[PDB]
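Protein sequence lines, in the order shown, are assigned to chains E and B. Counting with the authors' numbering, you get residues 53 to 104 for the letters of the first sequence. Counting with the authors' numbering, you get residues 2 to 52 for the letters of the second sequence. Please read the structure below before turning to the comments.
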Amino acid sequence: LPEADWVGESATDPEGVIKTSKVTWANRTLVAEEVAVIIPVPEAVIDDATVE
Amino acid sequence: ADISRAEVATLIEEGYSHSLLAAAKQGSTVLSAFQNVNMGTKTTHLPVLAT
Numbered sequence: 053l054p055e056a057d058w059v060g061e062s063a064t065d066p067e068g069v070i071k072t073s074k075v076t077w078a079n080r081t082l083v084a085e086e087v088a089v090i091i092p093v094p095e096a097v098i099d100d101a102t103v104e
Numbered sequence: 002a003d004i005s006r007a008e009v010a011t012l013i014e015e016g017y018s019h020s021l022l023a024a025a026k027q028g029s030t031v032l033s034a035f036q037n038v039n040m041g042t043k044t045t046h047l048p049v050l051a052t
């Protein structure tokens, strides 16, 4: 965020100068990563089993 | 000098016939001789009288 300040009123003091201030932004990233598994089984076990 | 059969090369072509290319297939003996039990799983138990 920027900062405001109380200005004062002078042609010649350090105050009476309106101060400069910045605003800034940053970057956040979604990066897609892969999660996986392989589960092997015999065809005859699939055929002989009483469930899917 | 003379023109032999070798002298004319591939002006003479060799033919093809499938008239000897067949074989009658033969099924198993035991699947026609005996009862074919339709199984639904690896092991079937059959009790028998033993004494």
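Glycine is no exception: its CB is placed at the ideal position from the N, C-alpha and C atoms.
Could you give the DSSP three-state label for residue i: helix, strand or coil?
i                : result
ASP3 of chain B  : coil
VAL93 of chain E : coil
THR11 of chain B : helix
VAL31 of chain B : helix
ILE98 of chain E : helix
With distances taken between CB atoms, is the gap from residue i to residue j smaller than 8 Å?
i                 : j                : result
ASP57 of chain E  : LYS74 of chain E : no
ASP100 of chain E : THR45 of chain B : no
Any heavy atom of the ligand ADP closer than 7 Å to the CB of residue i?
i                : result
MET40 of chain B : Annotation note on the ligand ADP: not contained in the displayed structure, which lists no ligands.
For the pair the stretch 77–85 of chain E and the stretch 55–65 of chain E, tell me if three or more CB-CB distances fall below 8 Å. no
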